[PDB]
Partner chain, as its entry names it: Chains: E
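This document starts with one chain, in the form deposited without the partner chain, laid out as structure tokens.
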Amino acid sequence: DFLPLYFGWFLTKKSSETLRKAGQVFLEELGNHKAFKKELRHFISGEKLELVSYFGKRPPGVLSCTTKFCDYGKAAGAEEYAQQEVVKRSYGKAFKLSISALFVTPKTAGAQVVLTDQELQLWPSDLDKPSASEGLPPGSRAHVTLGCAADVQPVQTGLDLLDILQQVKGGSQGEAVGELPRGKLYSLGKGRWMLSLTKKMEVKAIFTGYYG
């Protein structure tokens, strides 16, 4: 009766490959783009950087969008979240996640997920939540991690996303500094980049628990 490592939406073989493939292409295009190389000094400390190798730590199997990290019940609020009706009712159910953008930072590379109202019901409201969630609506950090730097944890991907969103609401994202096939590229500075997709990418996933 102990909880899983974490709850979340796990993409199907099909959707996972599609998103992973898209993420890779983005890292290759972004790494080659001139506006990116122009700011390489703000990306790494101490040219041409292959981002695919930079984000060497990548999800082993299928991609996923985490909701509540439970650490088998050792995480705060893990017990209260798992006992919600909406969680038990939604357990094993199919969902469609809307990917609105892909982003890159010195620490992580991931995809922004925009949760619908029904999906937000499965989002945690635990006491100890990120502080970057000030003014930004709940579920704003929802994301799919695509890769991380060598000494970075995937939990950082949500934090990086919030920081990027915090900058967009302030109107400091500036105007596109380039234009990729799937959409416009934005430079937010300090090594942060955001590809806003012209057309939202829909991925199919199943809500469930991963027990490691």
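Positions refer to the first chain, counted from 1.
84-92 and 120-128 differ in mean CA B-factor, and the higher of the two is recorded for 120-128. Of the two segments, 96-104 and 131-139, the one listed with the higher mean B-factor is 131-139 (C-alpha atoms only).
Comparing the C-alpha B-factors of 67, 64, 157, 32 in the entry, the top value falls on 32. Sorting the modelled residues of the chain by their CA temperature factor places residue 2 in the highest third. Looking at the C-alpha B-factors along this chain, the one for residue 51 belongs to the middle third. In the PDB entry, residue 187 places in the middle third of its chain by CA B-factor. In the PDB entry, a CA B factor belonging to the middle third of its chain's modelled residues is recorded for residue 162. For residue 59, the recorded CA B-factor ranks within the middle third of the chain. Only modelled residues enter the ranking.
Below: the form deposited with the partner chain bound, not depicted.
The partner chain is not drawn, but in the deposited bound form it has no heavy atom within 4.5 Å of residue 125. Of the heavy atoms in residue 116, some are within 4.5 Å of the partner chain in the deposited bound form. The shortest heavy atom separation between residue 94 and the partner chain in the deposited bound form is within 4.5 Å. The shortest heavy atom separation between residue 14 and the partner chain in the deposited bound form is within 4.5 Å.
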